[PDB]
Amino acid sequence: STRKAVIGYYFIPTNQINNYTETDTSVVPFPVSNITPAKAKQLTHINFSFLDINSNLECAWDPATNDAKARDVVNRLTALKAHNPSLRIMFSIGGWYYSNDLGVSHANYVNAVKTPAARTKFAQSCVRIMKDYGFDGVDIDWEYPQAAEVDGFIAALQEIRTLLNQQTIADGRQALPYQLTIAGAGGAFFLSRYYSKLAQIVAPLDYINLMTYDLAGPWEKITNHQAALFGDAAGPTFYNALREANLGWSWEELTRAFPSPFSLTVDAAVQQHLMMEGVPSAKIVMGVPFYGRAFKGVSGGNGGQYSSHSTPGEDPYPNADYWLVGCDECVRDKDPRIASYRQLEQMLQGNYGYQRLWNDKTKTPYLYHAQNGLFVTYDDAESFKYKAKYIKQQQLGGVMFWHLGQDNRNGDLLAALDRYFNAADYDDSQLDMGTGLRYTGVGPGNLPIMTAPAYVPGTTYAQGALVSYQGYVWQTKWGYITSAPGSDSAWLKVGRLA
């Protein structure tokens, strides 16, 4: 019954704000007016991005911003709510550029969560900005707080939540209450920075938006899909860092949760969240990319998948060889490594030498250019069927994407997502989810339902034996066990009754 959330980022550069116009593509490619009423109805949230934290340790616009043109841009987004009484215009603080470990504003993020008084100032600033510009909610995109800072982050969010709840009451907004989200890690290396405290991080949120994309890139040895739903056994696998997180668990508990190596997939990140107690599936939102990542230098045989490559990882792009054939936007943006889906459609339609290919394990498409050795990972409306089905089966909160500007002119990607969740006549009950590798991990938050004979006192149980006792199905870790399940270290909680 509950509508799935559909959360799209709206990004716009300061200079485009400062020269805002709806009538010249060359200055603003993606003005607000491109978000039609139909698109507005298909969205539950728009995340206006990006604001930052300044050296005053407050939430702030880029100090180069024209305040009047900014309010005006924001007012145009809030005006969209006239077409959709569920729609919220959030704003996001952070992003990669401002907030990564070597990002320009990084110390501000660290310092703003550091002390109770810093947090009180920061939290106040966030809600002050929300109220002052007419936003509906706050999204923090810090990529990423690191173990010492995690406690502060958690307290900062708790403090923002309280203040948002005050505001909701002040404005009689119980029908559309002010909301708080974060953009969360979508792979285990970064996730591990705050995994042990995942329940505390999620508890103040309406949603945690998993950045389950960019899981592959020019920083890798080997080309791969950036947003594989499930694993392909032919592709690379990675070390599971979560098994070194400070969890306090036993060896068997770690082993059952954190297989290693493992396939770095949408399904993995999702399950890694669900294995944690107190992380409810309804709060977990699957992120998807509206952009492809391109590699060159690929020597193929398998469509350019899982090949070595020569794609530079340096930022900015280190020369003017714009080798992504047919990508006009790459030229404008001086970087051939990222193409919007809009662009990718034109590349594929034109006479440029690409084949669209499909990996039936990952359920994701990819472009291959056999003549030049190019590979592109991206998502389309076919891969979204499988993902939307996954979102329904696993009872997730919804879907998030980066970003709106990269949908095609008709908004076919957004339309596809809306359709798979909400169209009466769309049926995915026969859609085959394939035999690609699932993430098997089991943890306290996602115990399966099981049966077994009652535990009996006096019986000697061999290794592997399953009994039921006091709610749960337990399994001996070795033999021969006579102790009651749960009372010493010999029994492993493996499932739940009922």
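Residue indices: 1-based, along the sequence shown.
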* 396-404 set against 321-329, stretch whose average Cα temperature factor tops the other in the entry -> 321-329
* Structure fact -> Higher of the two mean Cα B-factors (262-270, 417-425; per PDB record) comes from 417-425
* Considering only 253, 159, 220, 232, which residue's Cα atom bears the greatest B-factor as recorded? -> 220
* Structure fact -> The largest CA temperature factor among 446, 459, 65, 44 is found at 65
* Chain-wide C-alpha B factor ranking for residue 5, given as lowest, middle or highest third -> middle
* Asked: Lowest, middle or highest third of the chain for the C-alpha temperature factor of residue 310?
  -> middle
* To do: Using the B-factors in the PDB entry, rank residue 79's C-alpha atom against the chain and give the third, lowest, middle or highest.
  => highest
* To do: Please rank the C-alpha B-factors of the chain's modelled residues and tell me whether residue 494 sits in the lowest, middle or highest third.
  => lowest
* Where does residue 29 sit by CA temperature factor within its chain: lowest, middle or highest third? -> highest
